[PDB]
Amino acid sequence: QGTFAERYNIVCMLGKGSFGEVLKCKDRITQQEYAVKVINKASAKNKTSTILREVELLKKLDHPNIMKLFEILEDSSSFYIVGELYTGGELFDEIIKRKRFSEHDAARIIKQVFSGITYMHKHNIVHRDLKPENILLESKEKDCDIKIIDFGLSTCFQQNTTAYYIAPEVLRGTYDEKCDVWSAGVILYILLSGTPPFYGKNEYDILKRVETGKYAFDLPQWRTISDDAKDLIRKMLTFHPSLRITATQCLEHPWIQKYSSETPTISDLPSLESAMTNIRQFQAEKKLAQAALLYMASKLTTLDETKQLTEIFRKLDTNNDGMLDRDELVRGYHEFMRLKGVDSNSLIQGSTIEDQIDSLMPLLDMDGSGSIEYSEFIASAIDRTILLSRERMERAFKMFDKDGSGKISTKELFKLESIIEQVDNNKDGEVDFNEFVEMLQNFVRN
């Protein structure tokens, strides 16, 4: 587990749900800010080794529209789930403010809900309470990523203390992946019309409508919305779960494809060349360097540092799922050349873009998942000198400093030999901060 207090100080309360309270916390070394869910062990535990397993699975979710968790720590009283701090508030507030959204704006929002939800399901995670309250805006910035929160805990923990979004089958006690598609459908109905499809004076009347699956597009505002959007909603608000479309099919719907047709332009050329140069250099590093850089980028960077690359990531991510596949990387490189006025055929005079991406894929796809996930993209395409600030190297050092004050050669090896002899420049067995810094610099070096 971990020592929370050594690492973070508590800055303020952010929110309180039924599972625990969410606090703003600050890394004592980096000054970087984080959201922490504090879960009381004794009031809440329902299962601590089974909990650690499932939190591990939550931890490795790597997708732009899913809450990012960095670590789980533990005190004698509590678990501390440390994650990314989002400052845009709930999608719910954006609906109240805007009332309802153009087809273009609704499609862009719901596409991200679809992408995140598709990703969760492929990892055998059902949300169970998908609602605009449980989707946060990354920031107050204009076109920011939305982030799905508040899921994964239900088996491990007991809660303590809305009708609009629940699928009919949840009323019968069932909560399969289709219930999330229903909830997302209710959301889309709301984004486009501003009104819930199953609506009533109170909960009693609402549930009566949910139960029969009866809704319509009778409100006057529906006149001005395409049949494409209606077709999508209808597929999502299908009563029988087995006839209801999957999240993947939602994400692939022609209405979606039409309004999130994001694609590289000339204005993207500077950031695209940056990413490519960093990627080329990344691939040239040895495996040990690549792993430490990936570890460092994904644990220690900020949302503000990844924002240009996230835009590029989106423009390369043709099918809108949260990841880059091989063909997406090939097209991207081709498009990059075209925009620049360069003929891809010039590359022989000594291999094609295809050969190059194929040999790169094993290098960048570090978990062998078949796709380049967000954090693998960021680690490879960022300017890795950004990792070499003193505070970050100090936090990295400290992460591996399990015993006392220095990193044992016997720790570091089981925490990963050829390189170990080199970094230890005085040869006293253990690795101090100075050798650790030099090793990290060597990693960024080439």
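From 1 onward, residues are counted along the sequence shown.
In the comparison with other entries of the same protein, residue 421 is left without coordinates in at least one third of those covering both sides of it. For the cut-off of one third of the other compared entries, residue 14 stays well clear, since all of them model it along with its flanks. Where residue 349 is followed by residue 350 in the displayed chain, the model omits 1 to 3 of the deposited residues that sit between the two. Unmodelled deposited residues between residue 161 and residue 162: 4 to 9, per the record.
Of the two segments, 20-28 and 418-426, the one listed with the higher mean B-factor is 418-426 (C-alpha atoms only). For the pair 340-348 and 145-153, the mean B factor over Cα atoms is greater in 340-348. Highest CA B-factor among the listed residues (84, 138, 180, 262): 262. By the numbers in the PDB entry, the CA B factor is greatest at 174 among 271, 248, 369, 174.
When the CA B factors of the chain's modelled residues are split into thirds, the value for residue 228 lands in the middle one. Compared with the other modelled residues of the chain, the Cα B-factor recorded for residue 34 ranks in the lowest third.
For residue 216, the recorded CA B-factor ranks within the middle third of the chain. Only modelled residues enter the ranking.
Ranked by Cα temperature factor within the chain, residue 402 sits in the highest third according to the deposited record. Among all modelled residues in its chain, residue 185 ranks in the lowest third by Cα B-factor.
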